Amino acid sequence: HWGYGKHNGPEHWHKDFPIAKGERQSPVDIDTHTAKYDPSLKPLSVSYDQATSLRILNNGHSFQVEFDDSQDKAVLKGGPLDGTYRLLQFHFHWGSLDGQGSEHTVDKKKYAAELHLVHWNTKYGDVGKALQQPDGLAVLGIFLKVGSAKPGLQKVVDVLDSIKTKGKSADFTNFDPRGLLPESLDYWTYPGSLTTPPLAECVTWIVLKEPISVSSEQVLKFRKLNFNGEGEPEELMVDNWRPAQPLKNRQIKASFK
Ligand SMILES: NS(=O)(=O)c1cc(C(=O)NCCO)c(SC2CCCCC2)cc1Cl
Ligand SMILES: [Zn+2]
C-alpha cells in the first residue's frame with residue numbers, strides 16, 4: 001500500500017514501518033565540510049567483469065535490473081566493508097524535474113536521479129538473512145546529472161517501453177554495469193538503511209562523489225514509466241525518492257581529502 005503519493009508516501013511510511021523514525025535511516029544530506037577524511041578507508045573494489053544480468057522488472061516503485069547472485073560473479077569489496085558483497089540488482093530514483101530526484105543530497109543539492117547498486121554480504125548466505133543484520137547490505141550510490149548522454153545507460157532506457165507498467169519484466173541478459181560508473185571511485189560512507197519499506201537498518205552506504213552525466217532524453221524515458229499496472233489509470237513513475245532523514249548519532253566519512 002506504500003508508495004510516493006500524497007496519500008501513501010514517505011511521511012506515511014512510519015505507520016506500517018515504525019523504524020522509519022529510527023536511529024540510522026537513509027538517505028541523508030552529505031555535508032561535505034563536516035564529513036571527515038578517513039585515511040584508513042581502503043579503495044573500493046568493484047569487480048563486475050563476470051556480472052550476469054538476467055532480467056529487468058517494473059516493480060511498481062522503480063525499475064530494477066537483476067543479476068545472478070548464486071555465485072561470486074559481480075562483487076563489491078574493500079572500502080569500508082569487511083568481506084564480500086554480491087550484486088543483487090540495481091535500480092534508480094528520479095524526479096519529475098531535473099532539479100530533484102536524488103535521495104542523498106550533497107550540501108543540500110539535489111541531483112536529477114540516483115542509481116543504487118544493491119549488494120548483500122555473503123557471510124549471511126541469502127539476502128533475506130542479510131536484511132536482518134547491521135552489516136547485511138552495501139549500496140553503491142551514484143548521482144545522475146543531466147547533460148551529455150551516458151552510452152552505457154542506453155540499453156536500459158531502450159527496453160523501458162517493454163516494462164511500462166507494474167509487474168512487467170523483460171529478459172535483460174549481457175548488460176555490463178561497469179558502463180554506469182563514473183571515472184573516480186572517491187566516496188562518502190555512513191551506516192544507514194533501505195530508503196524504501198521495510199526501511200531495514202542493514203545498509204553500509206557508499207556514495208560516489210563524482211556524478212554520471214545522462215541526457216535529457218534518457219531521463220525523459222524514465223519519466224514515461226508508470227507506477228500503475230496494465231489496464232489501470234496512468235500514473236507516471238516520477239518523484240520516487242525519499243527525502244533526507246535526520247543524521248542523528250552518525251559520522252559520514254570521506255575516502256578522499
Ligand atoms: N533504495 S535502496 O536503499 O538502495 C534498496 C531498494 C530496494 C528496492 O528494490 N526497493 C523497492 C521495493 O522493494 C531493495 S530490494 C530489498 C531486497 C530484500 C527485501 C527488501 C527489499 C534494497 C535496497 Cl538497499
Ligand atoms: Zn534505492
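In this chain, residues are counted from 1 in sequence order.
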Say you draw a straight line from NZ of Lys42 to OG of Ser255; how long is it, rounded to the nearest 0.5 Å? 14.0 Å
Would you find more than 12 non-hydrogen atoms of other residues, nucleotides or ligands less than 6.0 Å from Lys110 atom NZ? no
For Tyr37 and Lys257, test the side chains for any donor-to-acceptor distance below 3.5 angstrom and give the result as yes or no. yes
Is there a side-chain contact between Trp205 and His104, using heavy atoms and a 4.5 Å cut-off? yes
Has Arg250 got a side-chain atom pairing as donor or acceptor with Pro191's backbone, closer than 3.5 angstrom? yes
So, are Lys145 and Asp98 salt-bridged, with charged N and O less than 4.0 Å apart? no
Over 12 non-hydrogen atoms of neighbours within 6.0 angstrom of CD in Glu232: yes
Please indicate whether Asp171 has more than 12 foreign heavy atoms, meaning atoms of other residues, nucleotides or ligands, lying under 6.0 Å from its CG. no
Reported OG-to-NZ distance for the pair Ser148 and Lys150, which is rounded to 0.5 angstrom: 8.0 Å
Polar side-chain atom of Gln132 near backbone of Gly128 as donor-acceptor pair, under 3.5 Å: yes
In the hydrophobic clustering (ILVMFWY, side-chain contacts below 4.5 Å, transitive), which residues join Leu57, or is it alone? none
Does the gap between the ring centers of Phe67 and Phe175 come in under 6.0 Å? no
From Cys202 atom SG to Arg24 atom CZ, the distance as rounded to the nearest 0.5 Å: 7.5 Å
Sub-3.5 Å donor-acceptor pair from the side chain of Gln133 to the main-chain atoms of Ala130, do we have one? no
Is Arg86 paired with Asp72 through a side-chain N to carboxylate O contact shorter than 4.0 Å? yes
Atom CD of residue position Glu183 - does it have more than 12 heavy atoms of other residues, nucleotides or ligands inside 6.0 Å? no
Determine yes or no for a side-chain-to-main-chain donor-acceptor pair under 3.5 angstrom, with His119 supplying the side chain and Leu117 the backbone. yes
Hey, can you tell me if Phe63 and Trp94 have their rings parallel, tilted or perpendicular (30° and 60° cut-offs)? tilted
State whether the number of non-hydrogen atoms from other residues, nucleotides or ligands found under 6.0 Å of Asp107 atom CG is greater than 12. yes
For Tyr111, all residues meeting ring-ring contact (aromatic ring centres under 6.0 Å, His included), sequence neighbours excluded: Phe143
Judged by atom type as modelled, is there a donor-acceptor pair below 3.5 Å linking the side chain of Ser62 to the main-chain atoms of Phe92? yes
Find out whether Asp68 and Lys73 are in side-chain contact, i.e. whether some heavy atom of one side chain is under 4.5 Å from a heavy atom of the other. yes
Return the CG to CG distance between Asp158 and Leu160, rounded to the nearest 0.5 Å. 8.0 Å
Has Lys248 got more than 12 heavy atoms of other residues, nucleotides or ligands less than 6.0 Å from its NZ? yes
State whether the number of non-hydrogen atoms from other residues, nucleotides or ligands found under 6.0 Å of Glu235 atom CD is greater than 12. no
Can any side-chain N or O of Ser26 pair as donor or acceptor with the backbone N or O of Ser193 at less than 3.5 Å? yes
State the CG-CG distance between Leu140 and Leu115, to the nearest 0.5 angstrom. 7.5 Å
Using atom types as modelled and distance alone, determine if a side-chain donor or acceptor of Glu103 lies under 3.5 Å from a backbone N or O of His93. no
Positive for side chain to side chain contact (heavy atoms under 4.5 Å, CB included) with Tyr85, one of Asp135, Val139, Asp69, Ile206: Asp135
Hey, is the main chain of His61 close enough, under 3.5 Å, to the side chain of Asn240 for a donor-acceptor pair? yes
Sub-6.0 Å ring centroid separation between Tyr4 and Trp241: no
Between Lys164 and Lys224, is there a side-chain heavy-atom distance shorter than 4.5 Å? no
Should we count CG of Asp49 as having more than 12 external heavy atoms under 6.0 Å? yes
Output yes when a side-chain donor or acceptor of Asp16 lies under 3.5 Å from a complementary backbone atom of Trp13, and no otherwise. no
We want to know whether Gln100 and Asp239 form a side-chain donor-acceptor pair, criterion being a heavy-atom distance below 3.5 angstrom. yes
Could you give the distance from CG (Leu225) to CE (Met237), rounded to the nearest 0.5 Å? 5.5 Å
Using modelled atom types only, decide if a donor and an acceptor are shared between the side chain of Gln245 and the backbone of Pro243 within a distance under 3.5 Å. yes
